[PDB]
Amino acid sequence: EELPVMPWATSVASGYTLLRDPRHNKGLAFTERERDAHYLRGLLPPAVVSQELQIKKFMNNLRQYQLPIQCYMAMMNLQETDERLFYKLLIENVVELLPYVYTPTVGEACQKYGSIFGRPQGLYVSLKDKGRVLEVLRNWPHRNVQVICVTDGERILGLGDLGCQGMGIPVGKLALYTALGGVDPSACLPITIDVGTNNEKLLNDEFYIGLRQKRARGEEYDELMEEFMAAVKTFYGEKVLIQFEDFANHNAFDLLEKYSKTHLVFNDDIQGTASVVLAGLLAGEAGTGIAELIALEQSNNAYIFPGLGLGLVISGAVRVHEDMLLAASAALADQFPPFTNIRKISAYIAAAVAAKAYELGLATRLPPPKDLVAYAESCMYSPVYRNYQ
């Protein structure tokens, strides 16, 4: 078409290019044959160390950090250096690590985001990108995005407006879509929309990473959000999931009402909460969201969103329907069970969500497979290291 394209060059990763790619880096788990074939001989010490031994070593060091924020920083650095090791470690130690990678330590990470800023994660779209949102998306090196987790940072947990530093939440949430729901991490895209912040402490902080101005509202905000949602559809198509999160309530409801008619969209604070509380049973975002779903039919949202996201992706759903939330709740209640078997739980939720998408005529991956549970499991990302040619 007429729109500009990024010219991408592809080559075999070897040497430090391979060691510095978190998607391909195995660290000391590269075998002697892989080291010889990819020009790593001498760049690594002689020992070949399995994924399991690397997990053990990482957990031993992590437990020696005095502060939870230091465990969070070591986890983010791991995610951005050896992705497969990060996901396998997270899956195997989910109960111990969820408080570090997610709530509550992820909230403290957003408060201190500027001061602890390390390896770059996610994509930032600000007011300075007006008229250029598509151009910003073209810098993202993964073409086939399936799940976007987006925030404007206005309502981070119970911590309020954390502006551009709200990025820690979509980054944390997507790690859970991968670890708990098996969504491929290369298909995940955390986004922060920076329209300024009303947080005076952050506006005075020399380490703040966002636009140093008060929060845009009304038409200026609306125009950027409309350009963003149009750019996401133009570039990623009709099937991309846009998961809104940690937006202020009036905005969260307006965004959900508007974009749920034109895109595949859901708001975990409104809909995920309503779904998990209903599954449990069997006046804001949560209060009215839950009340509505009750009338229609640990309370952690991570029991529902990973399986729900997986169910939408595997069915090629183009819209989220309230009946999918009812199906996700019934599937969870049929299984609260612990987070130790979250992958099996997510497969059952994904199969129930996918079945509803087919029944409502909202699925595009046609015809539906006969066993949706086995199909969901076959689609789940496995963080076991690959063997290299």
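Counting begins at 1, following the sequence as shown.
Trainee: Residues with no coordinates between residue 297 and residue 298 in the deposited sequence, how many: none, 1 to 3, 4 to 9, or 10 or more?
Mentor: Gap between residue 297 and residue 298: 10 or more unmodelled residues.
Trainee: Hey, how big is the hole between residue 51 and residue 52 in terms of deposited residues without coordinates: none, 1 to 3, 4 to 9, or 10 or more?
Mentor: In the deposited sequence, nothing is left without coordinates between these two.
Trainee: Do the C-alpha atoms of 92 to 100 or of 146 to 154 have the higher average B factor in the entry?
Mentor: It is 92 to 100.
Trainee: Quick check on the record: does 115 to 123 or 271 to 279 carry the larger mean Cα temperature factor?
Mentor: It is 271 to 279.
Trainee: When the CA B-factors of 31, 70, 364, 341 are compared as recorded in the entry, which is the largest?
Mentor: Of the candidates given, the C-alpha B-factor peaks at 341.
Trainee: With respect to the C-alpha temperature factors reported in the PDB entry, which of 44, 37, 333, 354 ranks highest?
Mentor: In this record, 333 carries the highest C-alpha B-factor of the candidates.
Trainee: If you rank the chain by CA B-factor, which third does residue 109 end up in: lowest, middle or highest?
Mentor: For residue 109, whose C-alpha B-factor we compare with every modelled residue in the chain, the answer is the middle third.
Trainee: For the chain shown, is the CA B-factor of residue 6 in the lowest, middle or highest third of its modelled residues?
Mentor: It belongs to the lowest third of the chain when residues are ordered by C-alpha B-factor.
Trainee: Divide the modelled residues of the chain into thirds by Cα B-factor and specify which third, lowest, middle or highest, holds residue 253.
Mentor: Its C-alpha B-factor belongs to the highest third of this chain's values.
Trainee: Taking the C-alpha B-factors as the PDB entry records them, is residue 387 in the lowest, middle or highest third of its chain?
Mentor: Its C-alpha B-factor, which the entry lists for residue 387, ranks in the lowest third among residues of this chain.
Trainee: If you rank every modelled residue in this chain by C-alpha B factor, which third holds residue 26: lowest, middle or highest?
Mentor: For residue 26, whose C-alpha B-factor we compare with every modelled residue in the chain, the answer is the lowest third.
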